[PDB]
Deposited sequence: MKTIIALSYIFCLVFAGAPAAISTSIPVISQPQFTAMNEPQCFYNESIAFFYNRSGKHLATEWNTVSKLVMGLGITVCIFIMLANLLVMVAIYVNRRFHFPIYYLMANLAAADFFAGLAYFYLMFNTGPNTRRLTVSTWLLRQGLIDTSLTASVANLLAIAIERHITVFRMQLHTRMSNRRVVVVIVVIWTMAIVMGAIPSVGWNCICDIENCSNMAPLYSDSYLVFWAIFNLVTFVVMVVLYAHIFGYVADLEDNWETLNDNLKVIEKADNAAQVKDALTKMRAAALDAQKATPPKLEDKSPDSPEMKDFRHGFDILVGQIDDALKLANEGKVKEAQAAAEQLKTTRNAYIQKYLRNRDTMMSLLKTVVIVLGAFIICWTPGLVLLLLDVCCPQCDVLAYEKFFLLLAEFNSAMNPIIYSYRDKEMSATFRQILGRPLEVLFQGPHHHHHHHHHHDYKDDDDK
């Protein structure tokens, strides 16, 4: 005969087989990890709730990008509830957990991660669309955001159910991991490489945005700097090379909504016709058409500038939220890889430290929006009254 793959005393037989703790009495550091854990959880459930109400009541925050930020806060709010149930069942209370309740606390944490991972992935796509135009907002996108929120939460529920739908070492006791005694090694290798490849493709998304913005500002720098060169009363040869640098920078910036798309070729024509005047010998007409180009770039600087500064201010804030997410979650996910692919090389003692490091990030997001966003910082003072 064999014991049940579903008993209450079963936490002890999974935890003893693998290189993991099983406590009976209340330790000194176990009380502080729980004490600090709940204190952080209450703050997450308050700070992320504050920013969710702030987007809901303020008129300026009724845009597809700010609705996704509220869902990211809702994912952290869910994480606050997930870590709360975890910290209440740590140390001597771990023995009290059954096979079903163990998968529940571990499942809620796996659901909360992919909820924030898919949210940041959706924000990365949202910023990748707005930058290929100026702004992306019609009422149809607001209705589409509701559908996107469903996709994010559906994928979170499914990813947090995959190990609880057969992919576990429950009745495959030989293939159990040292960190999670009820989770399979094949799942943890898959889960860690899935979340890390998502971080890499997200970095590529923003690197493609920042790289393109760099080429725009560079070609706009080449535009304004060589404009000053032409203006200077020199020889015909001095104007030709500057206008050649003017044309090449315009056609490079062309490799990018209708109003801005047509705007580039208007500038190419004014440069190419000014070049023809200079090739004839008319140095005057080449410099006269250059000031005509100055009155055209100053017109488009009113329609795109003041608006791109508000876009880049929010773009940087998003990368800080994503940056902090990678720096804290990567050591914990690398720890999962070293758990099954590195046996006897290093002890997995720093498991309480990396757990709290990822937990603090759920509280870091409203702190980031408080000092970066100018309009949101004034909405926070209104909540106290």
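If you line the structure up with the deposited chain, the stretches without a C-alpha atom are 1-37, 294-307, 437-464.
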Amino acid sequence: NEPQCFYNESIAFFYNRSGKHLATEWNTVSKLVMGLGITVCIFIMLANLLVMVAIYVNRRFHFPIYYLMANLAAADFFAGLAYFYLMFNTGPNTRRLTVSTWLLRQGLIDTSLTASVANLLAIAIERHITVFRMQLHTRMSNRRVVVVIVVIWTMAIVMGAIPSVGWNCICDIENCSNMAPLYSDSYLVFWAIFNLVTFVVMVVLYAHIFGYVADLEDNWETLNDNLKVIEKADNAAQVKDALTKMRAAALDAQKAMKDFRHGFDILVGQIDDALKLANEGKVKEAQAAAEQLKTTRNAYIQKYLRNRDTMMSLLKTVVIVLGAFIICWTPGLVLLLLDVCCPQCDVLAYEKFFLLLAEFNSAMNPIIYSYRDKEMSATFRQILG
From here on, numbers count along this sequence of modelled residues.
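When the mean C-alpha temperature factors of 283-291 and 101-109 are read from the deposited coordinates, 283-291 comes out higher. Stretch comparison (10-18 versus 358-366) by mean CA B-factor in the PDB entry places 10-18 on top. If you compare the C-alpha temperature factors of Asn195, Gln135, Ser177, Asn89 in the entry, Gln135 comes out highest. In the deposited coordinates, the residue among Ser184, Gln254, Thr114, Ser313 with the greatest CA B-factor is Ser313.
Sort the chain's modelled residues by C-alpha temperature factor and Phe353 lands in the middle third, per the entry. When the CA B factors of the chain's modelled residues are split into thirds, the value for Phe190 lands in the middle one. In the deposited entry, the Cα temperature factor of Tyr212 places it in the middle third of its chain's modelled residues. In this PDB entry, the Cα temperature factor of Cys341 sits in the top third of its chain's modelled residues, the highest group. The deposited CA B-factor of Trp26 belongs to the highest third of values across its chain.
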